[PDB]
């Protein structure tokens, strides 16, 4: 009955916001929580501590940009096999077992420019470590369907190539496919008064089966919205 919660926190270099995120995570009580864009540099890795979530695996560059992290609840059990940390801090893959069941989580943050090509280059750069139990989530910085933009301007070529490279490895957009005809968005761009869903949850089709519920959470922490996923 585990729950996974993805969020683009947009910077964590102030201790006050760190305690705010602490309280928010305690209130949400996720089995696993995926943070993107911590803007934490590796020197500062040790500053991300949240009581009740002792196990934290981040990936940080040497500049206050990007920075991903995966937090595991003390209430749950997590036995990791192998962990791959991006040298630049844009993705981290944690592979192992959650409640005895196998699971490989890819927490990804793509740059805004050339986002779909970056996502697929990582996706096929790692596929030997990819498998049938995969869960790739995070800050895609790109739409996937035409409904992921309020403008509804139908989707770029690189993005549909990505939605089909998902296909050639049998990965599918858990949210788009447990929720098509969606008008829920994760990011609001003020300079344009537009809305988009650039944050995503994308898993193996094997695990369709297990996926029970998805949800989208407004918060006071970031200009992005969090995505919750119930697993049983």
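Positions refer to the first chain, counted from 1.
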For the higher mean C-alpha B factor in the entry, choose 20-28 or 205-213.
205-213
Per the record, averaged over C-alpha atoms, which has the higher B-factor: 68-76 or 150-158?
150-158
Looking at 192, 167, 51, 197, which has the biggest Cα B factor in the entry?
167
For the listed 145, 107, 100, 81, which has the peak Cα B-factor recorded in the PDB entry?
100
Cα B factor band for residue 129 (lowest, middle or highest third within the chain)
highest
Lowest, middle or highest third: where is residue 176 by C-alpha B factor in its chain?
highest
Please rank the C-alpha B-factors of the chain's modelled residues and tell me whether residue 163 sits in the lowest, middle or highest third.
highest
Can you work out whether the C-alpha temperature factor of residue 140 puts it in the lowest, middle or highest third of the chain?
middle
Once the chain's modelled residues are ordered by C-alpha B factor and cut into thirds, is residue 4 in the lowest, middle or highest one?
lowest
